[PDB]
Structure formats: C-alpha cells, structure tokens
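Read off the chains here:
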Amino acid sequence: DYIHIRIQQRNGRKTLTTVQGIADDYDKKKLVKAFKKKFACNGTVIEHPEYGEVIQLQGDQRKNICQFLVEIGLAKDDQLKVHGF
RNA sequence: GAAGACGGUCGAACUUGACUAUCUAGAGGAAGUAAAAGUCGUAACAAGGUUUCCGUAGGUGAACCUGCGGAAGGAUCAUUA
C-alpha cells in the first residue's frame, strides 16, 4: 500500500501534487496545517476518488517529498513511488 | 661646610578593580537588498469582475481575508415623491 503521489499539470504550469496512501484517521487539520506553514505552499484535503481522500498541497513537492520521506518515522525509505503527472 | 639623614609637600611611575568614550575579531542565526529572463498559486490599475484605501485587531501557502469606525483621492457634485 505504497502512498502513491501523482502530480497532474494543466497549464504549462497549473500543477496539483496529490497524496495517495495517507490514512484518514491522521490529523486532517495537522497533516496539512503543518505543510502549508512549511515550504510554504497551498495545501488542502479533497476526496479524490481514483485514490480515496488525498491531500492537495499547492506546489511541486517532488524534490521535497523525497526528503520529508527520508526522515519522519511513518512511511518508508523504499516505498518511494513518484509519478509526478 | 659634602655624603648621608628626620618628617613633609609635589608627584612621575607601577599593581588590582571600577567608569566613560571610540574602535575592532566572531561559529552561527535572521533581515533587507540587488534582482532582474526560475517554481507554485491569483492576493489587490477597467466597478480588476469582492469599489478602493486609512486607523486597528484577529487570522491565512503566499499574494491576502475579515470585523469595527473613517475618507473619496469612486463607480454619486442630481432625484426631481
């Protein structure tokens, strides 16, 4: 159950980095209000349906996630699966 | 009538703290600046599609949003009952 991401870029620039694999019993207020106030990018929480509750931060956390995922203590340093859109 | 010498005064200098002024090293940290052809959003000159802005308080990725009292430098110098 690797927390899939996917990115999805509209315009030459109109991107949305999803988060697939994140439980719902986690802090849907602290998850993201810890994100936005961090690398400084518009997070939020939708019920995307090909995935099932994903967190839209507004940005390209493609290089940062690699990292906010060699740290922490929840995910894994191997379950890394980036398909930026 | 010399060296010396009693005690004093001036007091250089030296030793230790305090005081004041001026200058100057510094791991790192956080601003602002340049600036600028980068990344993510669209915050606010045409009513900029939420009129704008002031004082002030709280809050937000970020422009910013919002209440309360102002102003028009506004989009009304008029309202004809």
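Heads up: the structure comes first, above all this text.
Undergrad: Looking at this structure, how should I read the pattern of salt bridges?
TA: Should the charged atoms of two oppositely charged side chains come close, the side chains can pair. Under the criterion given, the structure shown has 1 salt bridge. Residue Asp-60 pairs with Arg-62 through a salt bridge whose shortest N-O separation is 2.3 Å. Take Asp-60: its relative accessible area is 44%, and that puts it in the partly exposed class.

Undergrad: Teacher, can you tell me more about the environment of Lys-30 here?
TA: By the element assignment, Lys-30 lies in helix α1 (residues 30–33). Each C-alpha atom of the pair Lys-30 and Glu-50 lies 24 Å from the other, and the pair is 20 residues apart in sequence.

Undergrad: I would appreciate a short explanation of the nonpolar core in the present structure.
TA: One broad rule of soluble globular proteins: the nonpolar side chains tend to lie buried together. If you look at the biggest cluster of nonpolar residues, it comprises 8 residues: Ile-5, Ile-7, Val-19, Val-32, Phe-35, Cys-41, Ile-55 and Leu-57. Setting aside anything within four residues of it in sequence, one finds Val-19 in contact with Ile-3, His-4, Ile-5, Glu-53, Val-54, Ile-55 and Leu-57.

Undergrad: Where do I start with the side chain of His-48 in this structure?
TA: Within the secondary structure layout, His-48 lies in the segment after α2 (36–39). When sequence neighbours within four positions are dropped, the list of residues in contact with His-48 reads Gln-8, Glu-53 and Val-54.

Undergrad: Would you mind showing me how to read unusual backbone geometry here?
TA: Peptide bonds are mostly trans, and most non-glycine residues show a negative phi. For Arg-6, which is not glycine, the phi dihedral falls at a positive 55°. Position of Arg-6 among the secondary structure elements: in the segment before α1. Even without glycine at this site, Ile-72 takes up a positive phi of about 40°. Note on placement: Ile-72 falls in the segment after α2.

Undergrad: In this structure, what is going on with the state of the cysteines? I would like to understand it.
TA: Should the sulfur atoms of two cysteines be covalently bonded, the bond is a disulfide. What the rule picks out here adds up to 0 disulfides. Left without a disulfide partner, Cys-41 is nearest to the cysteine sulfur of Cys-66, which lies 14 Å away.

Analysis parameters
- Note on numbering: positions run from 1 along each chain as its sequence is written and may not match the entry's numbering; residues without coordinates are not listed.
- Numbering of ligands from 1 and lettering of chains from A proceed in the order in which they are written.
- For these chains, which sit within a larger assembly, all listed values pertain solely to the part presented.
- Hydrogens and water molecules were not included; the side-chain quantities draw on all heavy atoms of the structure.
- Salt bridge, as used here, is a side-chain nitrogen of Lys or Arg placed within 4 Å of a carboxyl oxygen of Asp or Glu.
- A 1.4 Å probe rolled over the protein chains alone gives each residue an accessible area, and that area as a share of the maximum for its type sets the label: buried under 20%, exposed over 50%, partly exposed in between.
- Each helix is a run of H or I in the DSSP string that is no shorter than four residues. Each strand is a run of E no shorter than two, and both are numbered from the N terminus.
- Each nonpolar core is a collection of buried residues, namely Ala, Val, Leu, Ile, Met, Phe, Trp, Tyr and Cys, held together in the definition by side-chain atoms within 4.5 Å.
- When checking whether two residues touch, look at their non-hydrogen atoms; a contact exists if any pair is within 4.5 Å.
- Counting rule for disulfides: a pair of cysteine sulfur atoms within 2.5 Å.

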